[PDB]
Every structure is written in C-alpha cells, then in structure tokens.
file input19.cif (mmCIF, N, CA and C atoms)
data_my_file
#
loop_
_atom_site.label_atom_id
_atom_site.label_comp_id
_atom_site.auth_asym_id
_atom_site.auth_seq_id
_atom_site.Cartn_x
_atom_site.Cartn_y
_atom_site.Cartn_z
N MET A 1 -46.76 -17.12 -59.47
CA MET A 1 -45.60 -17.74 -60.15
C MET A 1 -44.70 -18.44 -59.14
N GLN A 2 -44.72 -19.76 -59.13
CA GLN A 2 -43.90 -20.52 -58.19
C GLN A 2 -42.64 -21.02 -58.88
N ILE A 3 -41.52 -20.93 -58.17
CA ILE A 3 -40.24 -21.38 -58.69
C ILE A 3 -39.62 -22.35 -57.70
N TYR A 4 -39.42 -23.58 -58.11
CA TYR A 4 -38.85 -24.58 -57.23
C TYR A 4 -37.36 -24.76 -57.50
N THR A 5 -36.58 -24.80 -56.43
CA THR A 5 -35.14 -24.95 -56.54
C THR A 5 -34.64 -26.08 -55.64
N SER A 6 -33.68 -26.84 -56.14
CA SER A 6 -33.09 -27.93 -55.39
C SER A 6 -31.58 -27.71 -55.33
N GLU A 7 -31.17 -26.97 -54.32
CA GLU A 7 -29.77 -26.62 -54.11
C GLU A 7 -28.95 -27.85 -53.71
N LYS A 8 -29.55 -28.74 -52.93
CA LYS A 8 -28.87 -29.95 -52.47
C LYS A 8 -28.72 -30.93 -53.62
N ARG A 9 -29.59 -30.80 -54.61
CA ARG A 9 -29.53 -31.66 -55.78
C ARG A 9 -28.62 -31.01 -56.81
N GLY A 10 -28.72 -29.69 -56.88
CA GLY A 10 -27.91 -28.91 -57.77
C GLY A 10 -28.15 -29.23 -59.23
N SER A 11 -29.41 -29.27 -59.64
CA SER A 11 -29.74 -29.57 -61.02
C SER A 11 -29.63 -28.33 -61.90
N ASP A 12 -28.53 -28.24 -62.64
CA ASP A 12 -28.32 -27.12 -63.56
C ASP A 12 -29.00 -27.39 -64.89
N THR A 13 -28.71 -28.56 -65.45
CA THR A 13 -29.28 -28.97 -66.72
C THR A 13 -30.74 -29.36 -66.56
N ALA A 14 -31.08 -29.84 -65.37
CA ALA A 14 -32.44 -30.24 -65.06
C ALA A 14 -33.13 -29.16 -64.26
N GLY A 15 -32.56 -27.97 -64.29
CA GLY A 15 -33.10 -26.87 -63.55
C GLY A 15 -33.87 -25.90 -64.40
N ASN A 16 -35.19 -25.94 -64.29
CA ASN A 16 -36.03 -25.03 -65.04
C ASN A 16 -36.74 -24.09 -64.07
N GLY A 17 -36.92 -24.56 -62.85
CA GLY A 17 -37.60 -23.79 -61.83
C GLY A 17 -38.99 -24.30 -61.56
N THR A 18 -39.24 -25.53 -61.98
CA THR A 18 -40.53 -26.17 -61.77
C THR A 18 -40.38 -27.33 -60.79
N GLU A 19 -41.39 -28.19 -60.70
CA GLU A 19 -41.35 -29.30 -59.75
C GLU A 19 -40.54 -30.48 -60.28
N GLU A 20 -40.74 -30.82 -61.55
CA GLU A 20 -40.03 -31.93 -62.16
C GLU A 20 -38.62 -31.49 -62.56
N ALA A 21 -38.48 -30.20 -62.81
CA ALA A 21 -37.20 -29.62 -63.19
C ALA A 21 -36.84 -28.48 -62.24
N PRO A 22 -36.25 -28.82 -61.09
CA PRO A 22 -35.86 -27.85 -60.07
C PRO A 22 -34.49 -27.25 -60.34
N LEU A 23 -34.38 -25.94 -60.19
CA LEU A 23 -33.13 -25.23 -60.44
C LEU A 23 -32.04 -25.63 -59.44
N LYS A 24 -30.79 -25.34 -59.81
CA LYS A 24 -29.63 -25.67 -59.00
C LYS A 24 -29.47 -24.72 -57.82
N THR A 25 -29.73 -23.44 -58.05
CA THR A 25 -29.61 -22.44 -57.01
C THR A 25 -30.68 -21.37 -57.16
N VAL A 26 -30.93 -20.64 -56.07
CA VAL A 26 -31.92 -19.57 -56.07
C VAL A 26 -31.50 -18.45 -57.03
N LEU A 27 -30.21 -18.39 -57.32
CA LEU A 27 -29.66 -17.38 -58.23
C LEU A 27 -30.32 -17.49 -59.60
N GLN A 28 -30.46 -18.72 -60.09
CA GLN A 28 -31.05 -18.98 -61.40
C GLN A 28 -32.54 -18.65 -61.42
N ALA A 29 -33.15 -18.52 -60.25
CA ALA A 29 -34.56 -18.19 -60.17
C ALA A 29 -34.75 -16.69 -60.35
N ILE A 30 -33.73 -15.93 -59.97
CA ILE A 30 -33.77 -14.48 -60.06
C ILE A 30 -33.29 -13.98 -61.42
N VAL A 31 -32.37 -14.71 -62.04
CA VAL A 31 -31.83 -14.33 -63.35
C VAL A 31 -32.93 -14.19 -64.40
N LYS A 32 -34.02 -14.91 -64.19
CA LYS A 32 -35.14 -14.89 -65.12
C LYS A 32 -36.05 -13.68 -64.88
N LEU A 33 -36.15 -13.23 -63.63
CA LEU A 33 -37.03 -12.10 -63.31
C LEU A 33 -36.27 -10.78 -63.15
N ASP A 34 -34.94 -10.85 -63.16
CA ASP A 34 -34.07 -9.67 -63.01
C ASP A 34 -34.25 -9.02 -61.64
N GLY A 35 -34.68 -9.81 -60.67
CA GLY A 35 -34.88 -9.28 -59.34
C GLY A 35 -36.32 -8.91 -59.06
N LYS A 36 -37.17 -9.08 -60.06
CA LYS A 36 -38.59 -8.77 -59.92
C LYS A 36 -39.30 -9.86 -59.12
N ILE A 37 -39.08 -9.84 -57.82
CA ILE A 37 -39.70 -10.81 -56.93
C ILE A 37 -40.88 -10.14 -56.23
N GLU A 38 -42.07 -10.32 -56.78
CA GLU A 38 -43.27 -9.72 -56.21
C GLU A 38 -44.07 -10.72 -55.39
N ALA A 39 -45.24 -10.30 -54.92
CA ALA A 39 -46.11 -11.14 -54.11
C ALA A 39 -46.48 -12.44 -54.82
N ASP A 40 -46.61 -12.40 -56.14
CA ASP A 40 -46.96 -13.59 -56.91
C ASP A 40 -45.74 -14.50 -57.08
N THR A 41 -44.56 -13.96 -56.83
CA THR A 41 -43.34 -14.73 -56.96
C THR A 41 -43.06 -15.50 -55.67
N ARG A 42 -43.08 -16.82 -55.77
CA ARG A 42 -42.82 -17.67 -54.62
C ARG A 42 -41.78 -18.71 -54.97
N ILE A 43 -40.62 -18.61 -54.33
CA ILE A 43 -39.53 -19.53 -54.57
C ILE A 43 -39.48 -20.59 -53.47
N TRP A 44 -39.47 -21.84 -53.88
CA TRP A 44 -39.42 -22.96 -52.96
C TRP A 44 -38.04 -23.59 -53.01
N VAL A 45 -37.56 -24.04 -51.86
CA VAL A 45 -36.24 -24.66 -51.78
C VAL A 45 -36.35 -26.16 -51.55
N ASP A 46 -35.20 -26.80 -51.32
CA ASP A 46 -35.11 -28.25 -51.09
C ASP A 46 -36.11 -28.74 -50.04
N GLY A 47 -36.37 -27.91 -49.05
CA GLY A 47 -37.29 -28.28 -48.00
C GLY A 47 -36.61 -28.32 -46.65
N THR A 48 -37.38 -28.57 -45.61
CA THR A 48 -36.85 -28.64 -44.25
C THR A 48 -36.72 -30.09 -43.78
N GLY A 49 -37.14 -31.01 -44.64
CA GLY A 49 -37.08 -32.42 -44.30
C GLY A 49 -38.47 -33.00 -44.16
N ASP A 50 -39.32 -32.29 -43.42
CA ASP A 50 -40.70 -32.72 -43.22
C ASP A 50 -41.49 -32.52 -44.49
N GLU A 51 -41.28 -31.35 -45.09
CA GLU A 51 -41.96 -30.99 -46.31
C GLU A 51 -41.07 -31.18 -47.52
N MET A 52 -41.71 -31.35 -48.67
CA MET A 52 -41.00 -31.56 -49.92
C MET A 52 -40.49 -30.24 -50.47
N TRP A 53 -41.22 -29.17 -50.16
CA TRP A 53 -40.85 -27.84 -50.62
C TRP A 53 -41.09 -26.83 -49.51
N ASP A 54 -40.09 -26.00 -49.24
CA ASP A 54 -40.21 -24.97 -48.22
C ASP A 54 -39.93 -23.61 -48.84
N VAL A 55 -40.21 -22.55 -48.11
CA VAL A 55 -40.01 -21.20 -48.63
C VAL A 55 -38.55 -20.77 -48.53
N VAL A 56 -38.10 -20.01 -49.52
CA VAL A 56 -36.74 -19.52 -49.54
C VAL A 56 -36.56 -18.42 -48.50
N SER A 57 -35.43 -18.45 -47.81
CA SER A 57 -35.15 -17.46 -46.79
C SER A 57 -34.96 -16.08 -47.43
N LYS A 58 -35.59 -15.07 -46.83
CA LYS A 58 -35.50 -13.71 -47.35
C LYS A 58 -34.09 -13.16 -47.24
N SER A 59 -33.36 -13.62 -46.23
CA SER A 59 -31.99 -13.18 -46.01
C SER A 59 -31.07 -13.68 -47.12
N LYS A 60 -31.30 -14.91 -47.55
CA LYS A 60 -30.50 -15.52 -48.61
C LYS A 60 -30.96 -15.02 -49.97
N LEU A 61 -32.27 -14.92 -50.14
CA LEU A 61 -32.86 -14.46 -51.39
C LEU A 61 -32.44 -13.03 -51.70
N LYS A 62 -32.48 -12.17 -50.69
CA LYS A 62 -32.11 -10.77 -50.87
C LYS A 62 -30.64 -10.63 -51.21
N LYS A 63 -29.80 -11.45 -50.58
CA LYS A 63 -28.37 -11.43 -50.86
C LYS A 63 -28.12 -11.87 -52.29
N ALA A 64 -28.84 -12.90 -52.71
CA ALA A 64 -28.72 -13.42 -54.06
C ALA A 64 -29.18 -12.37 -55.07
N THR A 65 -30.18 -11.58 -54.69
CA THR A 65 -30.70 -10.53 -55.54
C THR A 65 -29.60 -9.51 -55.83
N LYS A 66 -28.82 -9.19 -54.80
CA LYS A 66 -27.73 -8.24 -54.93
C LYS A 66 -26.61 -8.83 -55.77
N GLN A 67 -26.21 -10.05 -55.43
CA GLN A 67 -25.15 -10.75 -56.14
C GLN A 67 -25.46 -10.85 -57.63
N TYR A 68 -26.65 -11.35 -57.94
CA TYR A 68 -27.08 -11.51 -59.32
C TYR A 68 -27.06 -10.19 -60.08
N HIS A 69 -27.54 -9.13 -59.44
CA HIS A 69 -27.61 -7.83 -60.09
C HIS A 69 -26.24 -7.26 -60.40
N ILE A 70 -25.24 -7.67 -59.65
CA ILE A 70 -23.89 -7.20 -59.88
C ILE A 70 -23.13 -8.12 -60.85
N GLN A 71 -23.40 -9.42 -60.75
CA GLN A 71 -22.69 -10.41 -61.57
C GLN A 71 -23.33 -10.70 -62.93
N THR A 72 -24.59 -11.13 -62.92
CA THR A 72 -25.27 -11.51 -64.15
C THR A 72 -26.02 -10.35 -64.82
N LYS A 73 -26.45 -9.38 -64.03
CA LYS A 73 -27.19 -8.25 -64.57
C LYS A 73 -26.29 -7.34 -65.41
N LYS A 74 -26.45 -7.43 -66.71
CA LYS A 74 -25.70 -6.61 -67.64
C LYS A 74 -26.59 -5.46 -68.12
N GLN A 75 -26.22 -4.85 -69.23
CA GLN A 75 -27.01 -3.75 -69.78
C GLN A 75 -28.31 -4.29 -70.36
N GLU A 76 -28.20 -5.40 -71.07
CA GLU A 76 -29.36 -6.03 -71.68
C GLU A 76 -29.78 -7.27 -70.89
N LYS A 77 -30.86 -7.91 -71.33
CA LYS A 77 -31.37 -9.11 -70.68
C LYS A 77 -32.49 -9.72 -71.52
N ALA A 78 -32.59 -11.04 -71.50
CA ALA A 78 -33.62 -11.73 -72.25
C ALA A 78 -34.73 -12.20 -71.31
N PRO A 79 -35.93 -12.51 -71.84
CA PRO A 79 -37.07 -12.99 -71.04
C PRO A 79 -36.86 -14.44 -70.60
N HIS A 80 -37.95 -15.17 -70.38
CA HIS A 80 -37.85 -16.56 -69.96
C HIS A 80 -39.03 -17.39 -70.46
N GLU A 81 -38.97 -18.68 -70.18
CA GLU A 81 -39.99 -19.64 -70.61
C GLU A 81 -41.40 -19.35 -70.06
N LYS A 82 -41.54 -19.21 -68.74
CA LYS A 82 -42.86 -18.98 -68.14
C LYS A 82 -43.48 -17.66 -68.63
N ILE A 83 -44.43 -17.81 -69.56
CA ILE A 83 -45.20 -16.71 -70.18
C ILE A 83 -44.34 -15.58 -70.74
N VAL A 84 -43.09 -15.90 -71.07
CA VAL A 84 -42.14 -14.93 -71.62
C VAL A 84 -41.76 -13.85 -70.60
N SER A 85 -42.74 -13.01 -70.25
CA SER A 85 -42.57 -11.91 -69.30
C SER A 85 -41.74 -10.78 -69.90
N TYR A 86 -42.33 -9.60 -69.96
CA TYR A 86 -41.67 -8.42 -70.50
C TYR A 86 -40.70 -7.83 -69.47
N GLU A 87 -40.05 -6.74 -69.85
CA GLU A 87 -39.08 -6.07 -68.99
C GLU A 87 -39.78 -5.22 -67.92
N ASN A 88 -40.65 -5.85 -67.13
CA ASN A 88 -41.38 -5.15 -66.08
C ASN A 88 -40.51 -5.03 -64.83
N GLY A 89 -39.51 -4.16 -64.91
CA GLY A 89 -38.62 -3.94 -63.79
C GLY A 89 -38.76 -2.54 -63.25
N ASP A 90 -38.30 -2.34 -62.03
CA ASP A 90 -38.38 -1.03 -61.39
C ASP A 90 -37.02 -0.34 -61.41
N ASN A 91 -37.01 0.94 -61.09
CA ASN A 91 -35.78 1.73 -61.08
C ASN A 91 -36.00 3.05 -60.36
N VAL A 92 -37.09 3.73 -60.70
CA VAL A 92 -37.44 5.03 -60.13
C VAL A 92 -36.34 6.06 -60.42
N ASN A 93 -35.44 6.23 -59.47
CA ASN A 93 -34.34 7.17 -59.57
C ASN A 93 -34.80 8.57 -59.97
N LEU A 94 -35.51 9.21 -59.06
CA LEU A 94 -36.01 10.56 -59.29
C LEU A 94 -35.20 11.55 -58.47
N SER A 95 -35.26 11.39 -57.16
CA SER A 95 -34.53 12.26 -56.24
C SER A 95 -34.24 11.53 -54.94
N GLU A 96 -34.32 10.21 -54.99
CA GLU A 96 -34.10 9.38 -53.81
C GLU A 96 -33.01 8.34 -54.06
N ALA A 97 -33.04 7.71 -55.24
CA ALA A 97 -32.05 6.70 -55.59
C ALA A 97 -30.73 7.33 -56.00
N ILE A 98 -30.63 8.63 -55.80
CA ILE A 98 -29.43 9.37 -56.13
C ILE A 98 -28.49 9.36 -54.93
N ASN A 99 -29.05 9.01 -53.77
CA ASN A 99 -28.29 8.95 -52.54
C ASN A 99 -27.45 7.68 -52.50
N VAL A 100 -27.62 6.85 -53.52
CA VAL A 100 -26.88 5.60 -53.63
C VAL A 100 -25.53 5.85 -54.29
N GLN A 101 -25.42 7.01 -54.93
CA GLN A 101 -24.18 7.40 -55.60
C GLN A 101 -23.57 8.59 -54.88
N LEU A 102 -24.40 9.57 -54.57
CA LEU A 102 -23.95 10.77 -53.88
C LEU A 102 -24.30 10.69 -52.40
N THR A 103 -23.86 9.61 -51.77
CA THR A 103 -24.13 9.39 -50.36
C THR A 103 -23.33 10.36 -49.49
N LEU A 104 -24.04 11.17 -48.71
CA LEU A 104 -23.40 12.13 -47.82
C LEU A 104 -22.96 11.45 -46.53
N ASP A 105 -22.11 10.44 -46.68
CA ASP A 105 -21.60 9.69 -45.54
C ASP A 105 -20.13 9.35 -45.77
N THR A 106 -19.39 9.20 -44.68
CA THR A 106 -17.98 8.89 -44.76
C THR A 106 -17.74 7.38 -44.79
N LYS A 107 -17.61 6.83 -45.99
CA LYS A 107 -17.36 5.41 -46.18
C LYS A 107 -16.30 5.20 -47.25
N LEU A 108 -15.39 4.28 -47.01
CA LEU A 108 -14.33 3.99 -47.97
C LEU A 108 -14.43 2.56 -48.47
N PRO A 109 -14.73 2.38 -49.76
CA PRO A 109 -14.86 1.06 -50.36
C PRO A 109 -13.51 0.38 -50.57
N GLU A 110 -13.47 -0.93 -50.34
CA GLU A 110 -12.26 -1.74 -50.50
C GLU A 110 -11.16 -1.37 -49.51
N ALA A 111 -11.47 -0.49 -48.57
CA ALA A 111 -10.50 -0.06 -47.57
C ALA A 111 -10.18 -1.20 -46.61
N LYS A 112 -11.18 -1.57 -45.80
CA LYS A 112 -11.04 -2.66 -44.83
C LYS A 112 -9.86 -2.41 -43.90
N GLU A 113 -10.06 -1.49 -42.95
CA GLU A 113 -9.06 -1.10 -41.96
C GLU A 113 -8.23 -2.28 -41.44
N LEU A 114 -8.78 -3.02 -40.49
CA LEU A 114 -8.08 -4.16 -39.92
C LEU A 114 -8.57 -5.45 -40.58
N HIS A 115 -9.49 -5.29 -41.52
CA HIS A 115 -10.06 -6.44 -42.22
C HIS A 115 -9.23 -6.82 -43.45
N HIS A 116 -8.42 -5.88 -43.94
CA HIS A 116 -7.56 -6.13 -45.10
C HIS A 116 -6.25 -6.77 -44.66
N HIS A 117 -6.09 -6.91 -43.35
CA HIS A 117 -4.88 -7.48 -42.78
C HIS A 117 -4.93 -9.01 -42.79
N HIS A 118 -5.86 -9.58 -43.55
CA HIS A 118 -5.98 -11.03 -43.63
C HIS A 118 -6.57 -11.49 -44.96
N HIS A 119 -6.83 -10.53 -45.86
CA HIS A 119 -7.40 -10.84 -47.18
C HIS A 119 -7.62 -9.56 -47.97
N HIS A 120 -8.03 -9.72 -49.22
CA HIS A 120 -8.30 -8.59 -50.09
C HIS A 120 -9.55 -7.86 -49.60
#

call {"tool": "encode", "arguments": {"input": "input19.cif", "output": "structure tokens"}}
result
Amino acid sequence: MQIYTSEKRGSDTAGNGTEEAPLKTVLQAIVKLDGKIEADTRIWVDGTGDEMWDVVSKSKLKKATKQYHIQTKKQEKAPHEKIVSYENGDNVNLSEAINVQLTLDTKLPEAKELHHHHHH
C-alpha cells in the first residue's frame, strides 16, 4: 500500500494519497490507517529533487503518528477508500503497556523547570 504526499504542494482537496491525488501532509496518510504503518505501508513525499517521490522520514512519520493519535484519534474511527480496511489496529496492554500510565519514574508533566520561563 503506497501513499503519496505532496507537502510542498499542500493538496488538501486534491489529496487522496495517490500519484495523481497527493495528500497535503503525512498526517492525512496516517489518519486513514490509525497509525497502522506496516511493511506494506510505504509513504512517499515531495521528493529530494532528483526523484519524483522519496521515502518519508521515520523521525517525522513517527512524530506525526503521535500527534495524530492525540489530536485526530478519537474513540471511534471510520475506514478509507483503499480497499476499505477494517479496524486492524494493535493495542496489547497486558502487563507491559501499563507502564505508560503507572510509570515508576519521577517526571512532572507541564512542569518545565526553566523551560516554562519563556512559554507555556
């Protein structure tokens, strides 16, 4: 499953995730899969100049995965155009993903010691 995106073009209305209809941002490529980016999932970007389509950076893609899951990811979700695709998402949460809530570490959210001295 290949998804083409044109961030420099920023095609929202013309953004489907294909070649003739490239998405505006990588975010819209994930909203359809709910973060289900597997080996068959290949997202292409504007390119490097030499090529028409290049691979999306994992650093940016992973960040977008987090952002999308917090912003667009609600309780429910609908499928998409490419073969519909069922709710084939992961979660697990048996005795390992519990450390994400009951983290035995000293961290304070929204604190920002000397970092809050210049913004929220």

call {"tool": "atom_distance", "arguments": {"input": "input19.cif", "atom1": "atom CA of residue 87 of chain A", "atom2": "atom CA of residue 61 of chain A"}}
result
20.5 Å

call {"tool": "atom_distance", "arguments": {"input": "input19.cif", "atom1": "atom N of residue 24 of chain A", "atom2": "atom CA of residue 76 of chain A"}}
result
22.7 Å

call {"tool": "atom_distance", "arguments": {"input": "input19.cif", "atom1": "atom CA of residue 56 of chain A", "atom2": "atom CA of residue 36 of chain A"}}
result
15.1 Å

call {"tool": "resolve_selection", "arguments": {"input": "input19.cif", "expression": "the PyMOL selection byres ((chain A and resi 8) around 8)", "output": "list in words"}}
result
residues 5, 6, 7, 9, 10, 11, 23, 24, 25, 45, 46 and 47 of chain A

call {"tool": "closest_residue", "arguments": {"input": "input19.cif", "among": "A:77, A:49, A:82, A:71", "to": "residue 18 of chain A", "atoms": "only C-alpha atoms"}}
result
A:82

call {"tool": "select_by_dssp", "arguments": {"input": "input19.cif", "residues": "chain A", "states": "strand (DSSP E or B)", "output": "mmCIF file with N, CA and C atoms, in the coordinates of the input"}}
result
data_model
loop_
_atom_site.group_PDB
_atom_site.id
_atom_site.type_symbol
_atom_site.label_atom_id
_atom_site.label_comp_id
_atom_site.auth_asym_id
_atom_site.auth_seq_id
_atom_site.Cartn_x
_atom_site.Cartn_y
_atom_site.Cartn_z
ATOM 1 N N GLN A 2 -44.720 -19.760 -59.130
ATOM 2 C CA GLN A 2 -43.900 -20.520 -58.190
ATOM 3 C C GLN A 2 -42.640 -21.020 -58.880
ATOM 4 N N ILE A 3 -41.520 -20.930 -58.170
ATOM 5 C CA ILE A 3 -40.240 -21.380 -58.690
ATOM 6 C C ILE A 3 -39.620 -22.350 -57.700
ATOM 7 N N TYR A 4 -39.420 -23.580 -58.110
ATOM 8 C CA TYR A 4 -38.850 -24.580 -57.230
ATOM 9 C C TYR A 4 -37.360 -24.760 -57.500
ATOM 10 N N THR A 5 -36.580 -24.800 -56.430
ATOM 11 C CA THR A 5 -35.140 -24.950 -56.540
ATOM 12 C C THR A 5 -34.640 -26.080 -55.640
ATOM 13 N N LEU A 23 -34.380 -25.940 -60.190
ATOM 14 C CA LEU A 23 -33.130 -25.230 -60.440
ATOM 15 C C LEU A 23 -32.040 -25.630 -59.440
ATOM 16 N N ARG A 42 -43.080 -16.820 -55.770
ATOM 17 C CA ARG A 42 -42.820 -17.670 -54.620
ATOM 18 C C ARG A 42 -41.780 -18.710 -54.970
ATOM 19 N N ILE A 43 -40.620 -18.610 -54.330
ATOM 20 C CA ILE A 43 -39.530 -19.530 -54.570
ATOM 21 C C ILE A 43 -39.480 -20.590 -53.470
ATOM 22 N N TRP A 44 -39.470 -21.840 -53.880
ATOM 23 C CA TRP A 44 -39.420 -22.960 -52.960
ATOM 24 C C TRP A 44 -38.040 -23.590 -53.010
ATOM 25 N N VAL A 45 -37.560 -24.040 -51.860
ATOM 26 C CA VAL A 45 -36.240 -24.660 -51.780
ATOM 27 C C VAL A 45 -36.350 -26.160 -51.550
ATOM 28 N N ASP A 54 -40.090 -26.000 -49.240
ATOM 29 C CA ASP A 54 -40.210 -24.970 -48.220
ATOM 30 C C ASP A 54 -39.930 -23.610 -48.840
ATOM 31 N N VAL A 55 -40.210 -22.550 -48.110
ATOM 32 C CA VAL A 55 -40.010 -21.200 -48.630
ATOM 33 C C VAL A 55 -38.550 -20.770 -48.530
ATOM 34 N N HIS A 80 -37.950 -15.170 -70.380
ATOM 35 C CA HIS A 80 -37.850 -16.560 -69.960
ATOM 36 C C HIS A 80 -39.030 -17.390 -70.460
ATOM 37 N N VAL A 84 -43.090 -15.900 -71.070
ATOM 38 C CA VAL A 84 -42.140 -14.930 -71.620
ATOM 39 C C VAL A 84 -41.760 -13.850 -70.600
#

call {"tool": "closest_residue", "arguments": {"input": "input19.cif", "among": "A:86, A:67, A:13, A:96", "to": "residue 27 of chain A", "atoms": "all atoms listed in the file"}}
result
A:67

call {"tool": "axis_aligned_box", "arguments": {"input": "input19.cif", "around": "segment 52-59 of chain A", "padding_each_side": "8 Å", "output": "AutoDock Vina command-line options"}}
result
--center_x -36.4 --center_y -22.4 --center_z -48.3 --size_x 26.6 --size_y 34.4 --size_z 20.6

call {"tool": "closest_residue", "arguments": {"input": "input19.cif", "among": "A:58, A:51, A:43, A:65", "to": "residue 31 of chain A", "atoms": "all atoms listed in the file"}}
result
A:65
